[PDB]
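Asker: Quick note, the deposited numbering runs 1 ahead of the 1-based positions in the first sequence.
From the three backbone atoms N, C-alpha and C, an ideal C-beta is built for every residue, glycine too.
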Amino acid sequence: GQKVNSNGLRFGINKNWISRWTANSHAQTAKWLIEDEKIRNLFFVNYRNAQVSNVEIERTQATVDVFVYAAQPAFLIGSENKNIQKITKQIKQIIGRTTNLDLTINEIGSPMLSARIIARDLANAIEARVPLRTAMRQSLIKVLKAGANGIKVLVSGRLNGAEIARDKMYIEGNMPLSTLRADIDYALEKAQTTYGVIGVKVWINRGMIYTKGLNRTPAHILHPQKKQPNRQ
RNA sequence: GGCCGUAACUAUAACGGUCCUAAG
RNA sequence: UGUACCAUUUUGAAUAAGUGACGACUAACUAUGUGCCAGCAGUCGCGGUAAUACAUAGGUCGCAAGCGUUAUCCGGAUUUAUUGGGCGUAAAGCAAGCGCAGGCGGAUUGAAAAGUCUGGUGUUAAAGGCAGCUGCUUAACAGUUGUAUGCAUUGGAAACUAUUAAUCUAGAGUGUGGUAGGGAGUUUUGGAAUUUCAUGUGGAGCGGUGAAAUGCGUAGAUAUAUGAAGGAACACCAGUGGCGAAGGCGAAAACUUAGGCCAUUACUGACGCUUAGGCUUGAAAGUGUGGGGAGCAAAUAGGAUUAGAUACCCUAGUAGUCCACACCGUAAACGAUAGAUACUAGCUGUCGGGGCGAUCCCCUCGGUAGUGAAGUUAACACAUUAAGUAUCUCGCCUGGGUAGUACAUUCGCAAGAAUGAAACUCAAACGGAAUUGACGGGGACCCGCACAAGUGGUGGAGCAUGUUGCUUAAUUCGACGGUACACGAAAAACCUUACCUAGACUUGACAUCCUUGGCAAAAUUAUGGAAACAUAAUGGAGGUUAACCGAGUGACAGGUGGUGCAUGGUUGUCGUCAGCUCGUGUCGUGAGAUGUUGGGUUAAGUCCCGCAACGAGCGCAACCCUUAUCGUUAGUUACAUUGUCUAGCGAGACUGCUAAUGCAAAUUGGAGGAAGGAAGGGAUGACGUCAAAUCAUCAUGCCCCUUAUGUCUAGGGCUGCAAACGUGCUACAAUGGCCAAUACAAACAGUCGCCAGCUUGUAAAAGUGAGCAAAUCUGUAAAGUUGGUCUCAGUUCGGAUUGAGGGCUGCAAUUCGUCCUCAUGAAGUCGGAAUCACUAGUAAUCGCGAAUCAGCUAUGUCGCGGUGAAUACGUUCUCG
RNA sequence: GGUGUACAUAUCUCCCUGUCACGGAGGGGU
RNA sequence: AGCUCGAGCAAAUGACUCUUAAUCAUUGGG
RNA sequence: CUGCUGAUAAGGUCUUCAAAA
Ligand SMILES: [Mg+2]
Ligand SMILES: [Mg+2]
Ligand SMILES: [Mg+2]
Ligand SMILES: [Mg+2]
Ligand SMILES: [Mg+2]
Ligand SMILES: [Mg+2]
Ligand SMILES: [Mg+2]
Ligand SMILES: [Mg+2]
Ligand SMILES: [Mg+2]
Ligand SMILES: [Mg+2]
Ligand SMILES: [Mg+2]
Ligand SMILES: [Mg+2]
Ligand SMILES: [Mg+2]
Ligand SMILES: [Mg+2]
Ligand SMILES: [Mg+2]
Ligand SMILES: [Mg+2]
Ligand SMILES: [Mg+2]
Ligand SMILES: [Mg+2]
Ligand SMILES: [Mg+2]
Ligand SMILES: [Mg+2]
Ligand SMILES: [Mg+2]
Ligand SMILES: [Mg+2]
Ligand SMILES: [Mg+2]
Ligand SMILES: [Mg+2]
Ligand SMILES: [Mg+2]
Ligand SMILES: [Mg+2]
Ligand SMILES: [Mg+2]
Ligand SMILES: [Mg+2]
Ligand SMILES: [Mg+2]
Ligand SMILES: [Mg+2]
Ligand SMILES: [Mg+2]
Ligand SMILES: [Mg+2]
Ligand SMILES: [Mg+2]
Ligand SMILES: [Mg+2]
Ligand SMILES: [Mg+2]
Ligand SMILES: [Mg+2]
Ligand SMILES: [Mg+2]
Ligand SMILES: [Mg+2]
Ligand SMILES: [Mg+2]
Ligand SMILES: [Mg+2]
Ligand SMILES: [Mg+2]
Ligand SMILES: [Mg+2]
Ligand SMILES: [Mg+2]
Ligand SMILES: [Mg+2]
Ligand SMILES: [Mg+2]
Ligand SMILES: [Mg+2]
Ligand SMILES: [Mg+2]
Ligand SMILES: [Mg+2]
Ligand SMILES: [Mg+2]
Ligand SMILES: [Mg+2]
Ligand SMILES: [Mg+2]
Ligand SMILES: [Mg+2]
Ligand SMILES: [Mg+2]
Ligand SMILES: [Mg+2]
Ligand SMILES: [Mg+2]
Ligand SMILES: [Mg+2]
Ligand SMILES: [Mg+2]
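Written as structure tokens, this is what we have:
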């Protein structure tokens with residue numbers, strides 16, 4: 002049957018919030034809730050070739066701070082910091098010139114075990130007419146070789162352009178979805194194929210969190226150094 | 001021994017309802 | 001015949017390519033159109049609005065001066081099986097026996113040489129086939145040489161078959177000796193029991209069924225005792241049995257009579273096996289003539305059940321069942337397996353003869369059974385009594401339906417029996433065996449407010465809301481058993497709004513890309529106006545164009561338009577039920593099986609033992625939140641009757657200790673404990689089913705519209721109304737109506753708000769006006785307690801409906817808001833068949849708060865507290 | 001009476017069932 | 001009226017469904 | 001412990017493929 006969202010079930014217990022701010026009134030709460038959505042959607046739908054794993058937003062009465070974790074931040078940086086100013090102006094237009102922007106790019110360590118970029122690669126391969134069995138097999142084998150626990154990939158839709166929708170699942174390793182202690186990262190993406198839309202959902206297991214607390218700690222960004230700038 | 005209705009072209013009624021008789 | 005052919009003879013790519021196919025067999029794919037229509041097809045099969053199968057185009061493939069379609073013949077087809085098949089369950093062993101002709105047939109000797117083998121000779125016309133070569137430019141073709149098969153005659157071979165002449169006993173019979181039998185026919189005899197009749201006792205029913213009714217009975221039934229008559233069948237013995245060729249044979253006896261088993265120093269000396277045709281027997285039903293008739297019972301009559309009952313049940317009841325004599329000649333006549341002969345492990349019973357001599361048991365020869373390896377089989381299974389290794393003979397089979405039908409023939413008194421097709425039609429068949437599920441008015445076990453025990457309702461009345469139907473210009477669309485119907489919609493007067501009428505607009509109300517300037521858009525005031533929009537005004541923030549304000553400009557924007565059966569995402573349901581699978585291994589030709597089943601224990605595929613399985617994943621459980629006790633931290637805005645209360649951390653409960661029994665998991669009881677054996681509640685919902693729901697949250701393939709299906713505005717509509725259903729509220733009342741005083745909550749919410757107090761008003765509310773950005777101020781707690789009154793009535797119940805006067809929100813309250821006051825006072829007195837929820841702070845009942853919201857008959861939804869029950873014996877029934 | 005003679009059949013509404021039939025409750029028509 | 005006596009069939013249009021049948025309405029047709 | 005217990009319009013998806021990593 003239907004299952005609750007893996008991220009939503011674990012939020013507020015073993016996962017911190019992607020946007021951390023306290024608005025003044027109900028009128029401002031909607032504007033701030035929509036502007037952050039616009040910024041995140043921008044960073045995800047465009048500038049996709051940089052493998053942006055996640056973007057967090059942190060706002061005060063008047064100051065906006067953006068933390069963009071990316072696997073290949075060279076594409077965000079551009080040639081001698083060219084596209085950086087373009088995305089800065091895009092964000093400033095999105096929120097407002099009256100505020101102070103503190104954009105900060107962060108190179109994410111051990112990218113392979115991140116469901117967002119795994120799903121994005123899956124969707125890109127699907128859209129590029131790559132055969133599905135080979136695509137999922139190579140993604141699963143590279144994810145496992147990255148040194149993580151089980152990964153479950155569900156790819157549904159008009160499969161290979163067929164007129165009857167199917168679904169194909171590959172679980173390889175233990176994926177306890179009912180357990181709350183487990184560190185399960187879940188992402189979902191849409192491959193826009195010439196025959197319609199394909200939905201790819203990737204669950205990845207990254208061990209068990211044996212330290213009680215609302216995170217306040219990096220999650221698989223720490224194995225190598227996670228120090229990139231563009232801030233003040 | 002009667003009467004009435006009834007089958008996907010028409011037609012008919014395998015079938016159904018009912019009155020009476022000792023039995024039709 | 002100026003022909004084949006030849007030549008440096010002039011001209012010149014000039015004079016020349018189609019057909020089938022492209023989903024698989026079978027080499028070769030895309031678009032357009034159609035939309036179970038038009039059409040294709042050798043077979044499977046395509047076409048229901050996304051067709052590589054249809055029609056067209058493009059592309060590609062197979063051949064080519066040919067290519068396809070049609071007809072016929074052969075092969076593939078071992079599919080008439082001599083080479084070269086079968087008959088237990090798929091088509092096929094006659095019902096069984098006695099058997100002439102035919103086929104086959106023990107051992108040895110001799111002769112001949114009919115089959116068999118071999119040499120010589122004659123012939124088997126030429127052409128054709130195969131091999132070699134020559135000639136046409138090579139080939140096709142022509143020519144040339146070689147090249148078999150059968151018959152006859154003659155000459156040899158003698159192993160095998162046939163013929164003839166004989167010998168032998170081992171096959172088969174005969175005799176003597178042992179011997180078991182429900183083998184058969186004819187004639188007598190016997191006892192239980194039913195029925196009828198006769199005679200006694202007796203007094204209201206008997207009979208029959210799921211329940212009854214026809215029926216029998218005070219004319220004395222059923223019952224009981226004695227006797228008589230007649231008919232049919234022969235309890236117990238009676239079997240993990242006997243006899244016969246099969247059908248079949250079971251009370252006792254006599255007579256006549258058939259076959260079989262064992263041992264044979266005896267005799268005949270191959271006399272044997274099978275058997276077309278022929279003859280004999282052949283369950284039961286049926287026929288003809290004559291007898292007989294107790295019981296039972298086709299046909300028939302009535303009573304029931306039933307929608308109907310010509311059936312199942314019951315009461316009667318003729319033929320028949322019985323005997324003699326003549327026919328019929330069919331059966332699931334079955335071991336679904338023809339007979340004969342030789343060989344091939346074993347183990348356990350039982351029956352008969354023989355060897356020993358208490359039984360019992362041992363050996364030998366046979367009959368009848370079970371288990372079982374080799375071997376066979378598609379598998380089930382057979383397996384010394386073969387379906388195994390082989391031979392001989394007979395019968396039979398050749399896809400399903402037509403059809404065991406029709407015609408002809410033979411038999412019969414008759415019903416009918418034997419024999420037995422085709423025309424036509426299908427691609428398979430009420431084909432065989434086995435596997436996984438589903439299902440069973442099939443079993444075993446186990447669960448759930450499922451049944452049971454209770455409480456309170458629903459269906460009856462009025463009202464609110466939703467839906468079906470109908471009406472209308474529109475009554476926008478969706479949801480339709482459980483899993484739709486107070487659902488999307490957590491707010492339809494305008495807006496919402498997607499609908500109708502009407503007034504207006506066109507790169508557009510909104511956006512990007514481009515050539516281009518910014519020295520605007522708003523808002524408001526005038527006039528025209530239903531408002532959209534037009535003509536004039538202040539010409540505007542700013543920052544030189546950043547955003548936006550424009551001109552030009554074609555790509556286009558736009559669509560709540562269709563398709564949820566093209567999809568992503570999200571969700572309902574089985575179901576918080578305990579299941580769903582995988583890797584390796586093993587078993588099986590294969591689908592598949594094992595693990596996952598078996599025994600215990602749980603809510604659990606939870607765990608422990610067992611086990612050709614060993615492990616693993618998702619699901620289960622725990623980790624998460626909250627309630628129940630306590631410690632510590634902190635004491636304001638809580639408390640301030642001093643330790644409540646609020647919120648961080650922590651302790652505590654772990655089958656931890658004990659007794660019982662179990663191998664162990666574990667189950668039950670006790671102690672202490674606030675809490676005991678998932679302590680209560682929540683979040684958490686596996687693979688998948690229903691092509692389940694949503695294109696109208698959003699996104700999106702494809703189709704459709706593009707001065708209109710896109711856009712703005714005003715009015716109407718979503719609120720209609722003979723009706724029907726669902727979900728709720730209010731009641732029909734003294735456990736109550738009205739009035740007065742009055743005590744005790746939790747949670748939540750609040751600066752276009754919560755609104756304390758005061759004044760005004762019968763009241764909704766109005767004015768003034770503090771307090772509160774909140775543990776501080778505000779949002780009246782009601783049921784409950786006491787007192788007064790009503791006194792069982794359509795009422796001081798019940799409030800619907802209706803008229804009038806007012807309050808608030810809002811441009812605007814008529815369609816269509818709600819509140820207050822006054823007045824009127826429908827139905828309804830406990831609700832038919834039938835149904836719903838609930839296992840403790842639960843049902844019932846009483847209030848309070850919040851979300852969407854200017855306002856709202858939300859009586860709806862989500863939450864909070866006050867009072868606070870009854871019952872669970874049990875799984876026989878009911879749903880899952 | 002709509003059909004055979006107030007009755008039955010038939011008609012309508014509600015139960016029943018996945019649905020229909022059967023079955024059960026109620027109403028009307030000379 | 002196309003057929004049987006404005007009615008009922010026949011035909012068409014829609015609703016309905018994956019598409020039909022059936023059903024539901026509407027409807028021209030003397 | 002044997003009441004009664006009848007029926008369900010037609011055609012249909014759904015495996016694309018292992019060449020291989
Ligand atoms: Mg063709
Ligand atoms: Mg074609
Ligand atoms: Mg042949
Ligand atoms: Mg043939
Ligand atoms: Mg054969
Ligand atoms: Mg047979
Ligand atoms: Mg036989
Ligand atoms: Mg036979
Ligand atoms: Mg014989
Ligand atoms: Mg003979
Ligand atoms: Mg010749
Ligand atoms: Mg020649
Ligand atoms: Mg007697
Ligand atoms: Mg007889
Ligand atoms: Mg009768
Ligand atoms: Mg019956
Ligand atoms: Mg009788
Ligand atoms: Mg007779
Ligand atoms: Mg026969
Ligand atoms: Mg027999
Ligand atoms: Mg056996
Ligand atoms: Mg035939
Ligand atoms: Mg025959
Ligand atoms: Mg047949
Ligand atoms: Mg069932
Ligand atoms: Mg049952
Ligand atoms: Mg009950
Ligand atoms: Mg109530
Ligand atoms: Mg009611
Ligand atoms: Mg729609
Ligand atoms: Mg509607
Ligand atoms: Mg629908
Ligand atoms: Mg409106
Ligand atoms: Mg200016
Ligand atoms: Mg300028
Ligand atoms: Mg669906
Ligand atoms: Mg199982
Ligand atoms: Mg086993
Ligand atoms: Mg086991
Ligand atoms: Mg759980
Ligand atoms: Mg559907
Ligand atoms: Mg539904
Ligand atoms: Mg659309
Ligand atoms: Mg309007
Ligand atoms: Mg409505
Ligand atoms: Mg009182
Ligand atoms: Mg105070
Ligand atoms: Mg007050
Ligand atoms: Mg009182
Ligand atoms: Mg009354
Ligand atoms: Mg009153
Ligand atoms: Mg009004
Ligand atoms: Mg009363
Ligand atoms: Mg319970
Ligand atoms: Mg449709
Ligand atoms: Mg009954
Ligand atoms: Mg029928």
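1) Determine, using beta-carbon pairs with one atom in the stretch 172-191 and one in the stretch 99-109, whether at least three such pairs fall under 8 angstroms.
2) Between the stretch 175-192 and the stretch 205-219, can you find at least three pairs of beta-carbon atoms closer than 8 angstroms?
3) Could you have a look at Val56 and say whether DSSP puts it in helix, strand or coil?
4) If we call anything under 8 angstroms between Cβ atoms a contact, is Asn107 one with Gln229?
5) Can you tell which of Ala63, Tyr187 and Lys93 has the C-alpha that lies nearest to the C-alpha of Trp22?
6) Taking the CB atoms as reference points, tell me whether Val201 and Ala192 lie closer together than 8 angstroms.
7) Quick one: what does DSSP say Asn206 is sitting in, helix, strand or coil?
8) What number of angstroms, rounded off, separates the C-alpha of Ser80 from the C-alpha of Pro74?
9) Going by beta carbon distance, what residues of the same chain come within less than 7 angstroms of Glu128, once the five residues before and after it are set aside?
10) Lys90 by DSSP, collapsed to three states: which one?
11) Helix, strand or coil: which one does DSSP assign to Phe12?
12) Here's the rule: buried if 16 or more other CB atoms are within 10 angstroms of the residue's CB, otherwise exposed. What is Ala166?
13) Within this structure, are the beta carbons of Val53 and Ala71 separated by less than 8 angstroms?
14) Whose C-alpha, out of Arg217, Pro225 and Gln226, is nearest the C-alpha of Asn17?
15) Where DSSP assigns a beta bridge to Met176, which residues make up the other side?
16) Compute the beta-carbon to beta-carbon distance between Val144 and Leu189, rounded to the nearest angstrom, for a pair I have assumed lies under 8 angstroms.
17) Give the straight-line distance between the Cα atoms of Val154 and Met137, rounded to the nearest whole angstrom.
18) Alpha carbon to alpha carbon, what distance is there between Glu36 and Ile96?
19) Return helix, strand or coil for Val131, following the three-state DSSP convention.
Answerer: Concretely, from the data shown:
1) no
2) yes
3) Stepping through the first sequence from its first residue, residue 56 is reached at position 55. Reduced to three states, the DSSP call for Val56 is strand.
4) As a position in the first sequence, residue 107 is number 106, starting the count at 1. As a position in the first sequence, residue 229 is number 228, starting the count at 1. Cβ atoms of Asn107 and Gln229: closer than 8 angstroms.
5) Translated into the one-based positions of the first sequence, residue 22 becomes position 21. The candidate whose alpha carbon is nearest that of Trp22 is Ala63.
6) What you label residue 201 is simply residue 200 of the first sequence in a count that begins at 1. What you label residue 192 is simply residue 191 of the first sequence in a count that begins at 1. Yes, the pair counts as a contact, with Cβ atoms nearer than the cut-off.
7) As a working mapping, residue 206 is identified with position 205 in the first sequence. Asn206 falls in the strand class under three-state DSSP.
8) Along the first sequence, one-based indexing puts residue 80 at 79. Along the first sequence, one-based indexing puts residue 74 at 73. Taking the straight line from one Cα to the other gives about 12 angstroms.
9) Locating residue 128 in the first sequence gives position 127, counting from the first residue. These residues qualify, in order along the chain: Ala192, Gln193 and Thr194.
10) Sequence index remark: in the first sequence, residue 90 carries index 89 (1-based). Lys90: helix per DSSP, three-state reduction.
11) Within the first sequence, numbered from 1, the residue matching residue 12 stands at position 11. DSSP places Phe12 in coil when its eight states are reduced to three.
12) For this step, residue 166 is matched to residue 165 along the first sequence. Exposed is the call here.
13) Residue numbering aside, residue 53 sits at position 52 when the first sequence is read from its first letter. Residue numbering aside, residue 71 sits at position 70 when the first sequence is read from its first letter. For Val53 and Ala71, yes; Cβs fall inside 8 angstroms.
14) For the purposes of this step, residue 17 is identified with residue 16 of the first sequence, where counting begins at 1. Of the listed residues, the one whose Cα sits closest to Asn17 is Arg217.
15) The residue labelled residue 176 in the question sits at position 175 within the first sequence. DSSP lists no partner for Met176.
16) In the first sequence, counting from the first residue as 1, residue 144 sits at position 143. In the first sequence, counting from the first residue as 1, residue 189 sits at position 188. Contact between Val144 and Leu189 does not hold, since their C-beta atoms are separated by about 16 angstroms, which reaches or exceeds 8 angstroms.
17) Residue mapping note: residue 154 aligns to position 153 of the first sequence, counting from 1. Residue mapping note: residue 137 aligns to position 136 of the first sequence, counting from 1. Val154 and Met137: Cα-Cα distance of roughly 8 angstroms.
18) On the first sequence, position 95 is the one that residue 96 refers to. On the first sequence, position 35 is the one that residue 36 refers to. Rounded to the nearest whole angstrom, the C-alpha separation of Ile96 and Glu36 is 6 angstroms.
19) Here residue 131 is taken as the residue at index 130 of the first sequence, counted from 1. Correct three-state label for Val131: coil.
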